[PDB]
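Working notes for the structure below.
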Amino acid sequence: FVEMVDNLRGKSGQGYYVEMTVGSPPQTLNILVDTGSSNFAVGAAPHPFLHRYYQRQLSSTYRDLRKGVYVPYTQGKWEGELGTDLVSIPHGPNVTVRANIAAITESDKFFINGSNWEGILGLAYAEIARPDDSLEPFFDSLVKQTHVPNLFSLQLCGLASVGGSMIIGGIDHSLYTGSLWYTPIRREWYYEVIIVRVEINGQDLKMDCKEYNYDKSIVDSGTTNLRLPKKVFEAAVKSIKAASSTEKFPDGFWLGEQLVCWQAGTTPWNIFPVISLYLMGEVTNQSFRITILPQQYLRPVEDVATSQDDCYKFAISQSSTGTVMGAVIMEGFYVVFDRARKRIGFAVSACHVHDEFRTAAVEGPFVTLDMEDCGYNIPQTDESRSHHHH
Ligand SMILES: CC1(C)Cc2cc(Cl)ccc2C(N[C@@H](Cc2ccccc2)c2nc(=O)c3cnccc3[nH]2)=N1
Ligand SMILES: [Zn+2]
Ligand SMILES: [Zn+2]
Ligand SMILES: [Zn+2]
């Protein structure tokens, strides 16, 4: 796992990528690690923000599946042609596998200026793969074709350059301190988990806990922010405003639309509260908490103008598709995606962004006598209901 330590790079707010090779002879590309989707897709035609891309004509091992795929996002899209080719991870396991690859032939708002990834590695499950769940995701081919154990772990360390580690097939004990706590993968589609309680500086938000998981909660390395369902987000902002009320920020700040600044090195970190999300434990009635510092959810943005000011963006935002535990949360922790045991572990990261008097933490157990089920059951559409899964 020493070969895999430090195999991630990225830019702040543009995710983390790992090198991969596609084709023979191998074409090296920088690929976004995305635990919130399930396609392996690579830029495969010229684009003004890419200077390399997968050229299927140069790969003697490439085979066309003769099927297109179209992937809309709320903010953009990619589309392309499905095929298979040999794939390896130069700073990962010593193996090569034959994987599905979507060659992206057109896209809109997907490849960003001065972003240096040329593709996306969807690490989530077949159920959310496009065009449907019969396109086997990369990690499933990896595991089926080799002896790599069915698990990977991410150490995401906090435009400024960022680094981290994806350990494929293992847990590297040098990347965390202290205890490793597991929460169940509630269902294998996204990496879905259940939050049972939320506290802001030790004060319970006191919502029905189903609200925390409406309509799901997921661990997502392809999302920058901590995103929270609307009602949860409003209660959180109310509570963070109350703690920081010595400072009156504009509304655009709370929307993530405006930076706020203090004189160099003077930021009053101590007026911003910690946030603790309690995740359901492997034992009924148990939970454990992960505790986020302001230094994780206030993200520094280097000011081209005001020179000796430290300026920050608020990186908690609204969601209408459940809680999203993005970079803001993952950057505190070493996150173990234990697919074999259908669970996600959290430990304090060996690279966490500390504070004078407080630390990102993973702590448990907390027991409740309270039964309550905090999971939300998504209303089943007639479209979902009809599809056969043979
Ligand atoms: C995986 C990936 C590329 C999928 C994606 C597709 C498109 Cl078309 C536009 C943006 C994104 C995207 N957005 C992330 C930020 C990002 C961009 C590039 C690489 C990694 C992460 C995101 N995070 C938020 O917190 C967020 C919050 N609100 C709205 C949209 C948001 N979008 N992530
Ligand atoms: Zn480059
Ligand atoms: Zn059938
Ligand atoms: Zn199916």
Side-chain angles (χ1 to χ4, degrees), residues 8-19 27-43 46-54 69-80 102 104 106-124 128-130 132-134 137 154 156 158-162 164 166 190-191 217-230 233 254-257 292 296-299 301 313-331 384-390:
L8 302 188
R9 294 288 178 276
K11 288 322 177 98
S12 166
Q14 316 181 335
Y16 292 78
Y17 56 81
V18 67
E19 279 188 322
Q27 319 179 25
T28 303
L29 303 165
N30 283 338
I31 300 301
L32 190 77
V33 169
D34 178 26
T35 64
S37 66
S38 299
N39 284 89
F40 181 37
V42 308
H47 183 281
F49 307 153
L50 299 170
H51 68 85
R52 32 167 209 199
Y53 60 84
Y54 182 36
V69 56
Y70 169 59
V71 185
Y73 287 77
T74 62
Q75 297 195 319
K77 56 102 155 142
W78 70 255
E79 69 185 52
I104 299 157
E106 324 196 320
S107 69
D108 293 322
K109 315 248 217 169
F110 184 70
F111 297 116
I112 296 329
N113 206 356
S115 201
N116 271 93
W117 47 263
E118 290 110 357
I120 181 173
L121 176 54
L123 293 164
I128 60 175
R130 302 316 205 250
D132 61 74
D133 64 11
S134 83
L154 294 175
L156 310 185
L159 310 192
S161 260
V162 288
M166 176 172 183
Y190 305 92
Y191 289 99
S217 298
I218 68 174
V219 184
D220 185 0
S221 70
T223 286
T224 298
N225 286 353
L226 161 64
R227 307 184 60 180
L228 297 165
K230 173 182 144 152
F233 176 71
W254 296 111
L255 295 179
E257 287 166 1
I292 304 309
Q296 281 169 262
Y297 66 74
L298 296 184
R299 293 186 87 71
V301 175
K313 185 202 186 291
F314 185 56
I316 307 166
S317 66
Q318 205 157 163
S319 176
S320 60
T321 57
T323 291
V324 196
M325 296 178 34
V328 163
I329 292 316
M330 294 185 70
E331 279 168 8
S384 301
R385 184 176 31 263
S386 61
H387 287 252
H388 291 185
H389 293 271
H390 296 299

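The analysis underlying the following values was restricted to heavy atoms, covering all of them including side chains, and did not include hydrogens, waters or symmetry mates. Read the numbers this way: they start at 1 and go in the same order the structure lists the ligands and their atoms. Residue numbers run from 1 in the order of the sequence given.
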Completion exercise
Taking every heavy atom of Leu32 against every heavy atom of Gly15, the minimum-distance pair comes out as CD1-CA, 3.7 Å

Handout entry: Winner among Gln75, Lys109, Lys77 once heavy atoms are compared against atom 32 (N) of ligand 1
Key = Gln75

Problem - Numbering as shown, the atoms of ligand 1 that approach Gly15 to under 4.0 Å (heavy-atom distance) - result: 19 (C), 20 (C)

Fill in the blank from the handout: Quick note on ligand 1: atoms under 4.0 Å from a heavy atom of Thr223 include exactly 23 (N), 24 (C), 25 (O)

Practice task
Check whether any N or O atom of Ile120, backbone or side chain, sits under 3.5 Å from an N or O atom of ligand 1, and answer yes or no.
Solution key: no

Exercise for the section: Within a distance under 4.0 Å of any heavy atom of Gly76, pick out the atoms of ligand 1 and give their elements. Expected result: 8 (Cl)

Handout entry: Residues, nucleotides or ligands: over 12 heavy atoms within 6.0 Å of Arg130 CZ
Key = no

Exercise for the section: Indicate whether atom 11 (C) of ligand 1 is within a distance of less than 4.0 angstrom of some protein heavy atom. Expected result: no

Fill in the blank from the handout: of all protein heavy atoms, closest to atom 4 (C) of ligand 1 is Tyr73 CE2, 3.5 Å

Exercise for the section: Among all protein heavy atoms, pick the one closest to atom 17 (C) of ligand 1 and tell me residue, atom and distance. Expected result: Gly13 O, 3.9 Å

Practice task
Under the side chain to side chain contact (heavy atoms under 4.5 Å, CB included) rule, what do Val162 and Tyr16 come out as? Steps first, then yes or no, please.
Solution key: CA-CA 8 Å; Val162 288; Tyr16 292 78; 3.6 Å; yes

Problem - the Zn ion (ligand 3) - name of the N/O/S atom of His390 that sits closest to it - result: NE2

Fill in the blank from the handout: For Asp34, the ligand 1 atoms with a heavy-atom partner under 4.0 Å come out as 1 (C)

Practice task
With the side chain counted from C-beta on, respond yes when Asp132 and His387 share a heavy-atom pair under 4.5 Å apart, and no when they do not.
Solution key: no

Exercise for the section: Evaluate the criterion side chain to side chain contact (heavy atoms under 4.5 Å, CB included) for residue pair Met166 and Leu123; output intermediate values, then yes/no. Expected result: CA-CA 12 Å; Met166 176 172 183; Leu123 293 164; 3.6 Å; yes

Handout entry: Beyond-backbone contact of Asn116 with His51, side-chain heavy atoms, under 4.5 angstrom
Key = yes

Practice task
Give the single entry among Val71, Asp108, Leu32, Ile112 that approaches atom 3 (C) of ligand 1 most closely by any heavy atom.
Solution key: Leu32

Exercise for the section: Indicate yes or no: at least one non-hydrogen side-chain atom of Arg52 is less than 4.5 angstrom from one of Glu118. Expected result: yes

Practice task
Looking at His388, pick out the N, O or S atom nearest to the Zn ion (ligand 3) and give its name.
Solution key: ND1

Handout entry: Nearest neighbour in protein (non-hydrogen) for atom 33 (N) of ligand 1
Key = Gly222 O, 2.9 Å

Practice task
Determine, step by step, whether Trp117 and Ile31 satisfy the side chain to side chain contact (heavy atoms under 4.5 Å, CB included) criterion, reporting the C-alpha distance in whole Å, the side-chain angles of both residues, the deciding distance to 0.1 Å, and the verdict.
Solution key: CA-CA 5 Å; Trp117 47 263; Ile31 300 301; over 6 Å; no

Exercise for the section: Using distance alone, with no hydrogens and no angle criterion, decide if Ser37 and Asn39 have a side-chain donor and acceptor under 3.5 Å apart. Expected result: no

Completion exercise
atom 25 (O) of ligand 1: closest protein heavy atom, distance to 0.1 Å, is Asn225 N, 2.9 Å

Handout entry: Aromatic ring proximity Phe233/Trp254, centre distance under 6.0 Å
Key = no

Problem - Short N or O distance, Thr224 and ligand 1, threshold 3.5 Å exclusive - result: yes

Problem - atom 26 (C) of ligand 1 - nearest protein heavy atom and its distance - result: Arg227 NH1, 3.8 Å

